[PDB]
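Okay, here we've got a single chain as structure tokens, the form deposited in one PDB entry, with questions on binding and movement later.
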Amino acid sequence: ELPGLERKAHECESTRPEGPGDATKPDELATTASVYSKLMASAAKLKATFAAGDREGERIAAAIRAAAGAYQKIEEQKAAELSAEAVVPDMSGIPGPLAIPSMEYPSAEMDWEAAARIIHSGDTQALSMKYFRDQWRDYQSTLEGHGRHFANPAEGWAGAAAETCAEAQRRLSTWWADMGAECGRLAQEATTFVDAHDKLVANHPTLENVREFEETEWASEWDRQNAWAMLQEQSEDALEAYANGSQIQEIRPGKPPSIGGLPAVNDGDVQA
């Protein structure tokens, strides 16, 4: 039994804390739909990548357990019952890298009463997306804490295999950190959005603006017309702000590093 090595291995398979959940768009405007699918696409892409990383962390655990099996083979070839060649860790039964689903990425007038309706037929506070944003943001730190599971090499283990695992462990550890920064990246892109949406709600004519105009007894058509003109301008001006002020970026996280073949292991690799 090689408990230092099993510990490292077990550490490596560690359950990754849950990613952020589903969000829903706050309304039915074209802008909203376009920006929303892009954030959903970005998030989709990250989950698929973290799953791939889950594989690598697990491949490493297998690597270490394979070396461990190799070490026990060495002690077995200490048959003092029959009275010291290096052994290659069996990796012929270790899962390969989990493929990252090649899913593609989206990319992009009406009267004010209608616009108003659509807007206020939705969540004017965009809580699902604010929540989505909140979650992704927090996951940054979490994913950083997660990578700490790999940062430190098995204790009392030296040799080429042990340094091979170490370097691979460090690369995964750094990568989970970088994946954490991608969370912060998504969240800032979400924030760009919910803030812009918030400005639209704040500046587009409200449902009160609608009734106030529909229930007004207008002296003439000139008064009624000129009063409409101003709310159609106000509608269009806020909606173009929303369109420009909400355009956002595609999150493209890099594939996790993989560990590959281990060398042979020797007696005296592991502490007594």
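Throughout, rigid core stands for the largest set of C-alpha atoms superposing within 1.5 Å between the two forms. Residue numbers here begin at 1 and follow the sequence given.
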- Of the deposited residues between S92 and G93, the number without coordinates is none
- Are any deposited residues left out of the model between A108 and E109, and how many (none, 1 to 3, 4 to 9, 10 or more)? 4 to 9
- Which of 60 to 68 and 214 to 222 has higher mean CA B factor, as the PDB entry lists it: 214 to 222
- Task: Mind pulling up the entry and telling me whether 30 to 38 or 45 to 53 has the higher mean Cα temperature factor?
- Result: 30 to 38
- Task: Name the residue from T142, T174, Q125, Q77 with the greatest C-alpha temperature factor listed in the entry.
- Result: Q77
- Candidate set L186, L82, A158, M179 [ranked by C-alpha B-factor, highest]: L82
- Query: If you rank every modelled residue in this chain by C-alpha B factor, which third holds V270: lowest, middle or highest?
  - Reply: middle
- Message: Among the modelled residues of this chain, does the Cα B factor of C12 put it in the lowest, middle or highest third?
- Response: lowest
- Among all modelled residues of this chain, ranked by Cα B factor, put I251 in the bottom, middle or top third, i.e. lowest, middle or highest. middle
- Task: Would you check the entry's CA temperature factor for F132 and let me know if it's in the chain's lowest, middle or highest third?
- Result: middle
- Task: Relative to the other modelled residues of the same chain, rank the CA B-factor of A99 and answer lowest, middle or highest third.
- Result: highest
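Below, we turn to the form deposited in another entry, even though it does not appear here.
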- Of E221, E233, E240, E28, only one moves its C-alpha by 2 angstroms or more between the shown form and the other one once the rigid core is aligned, so tell me which. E221
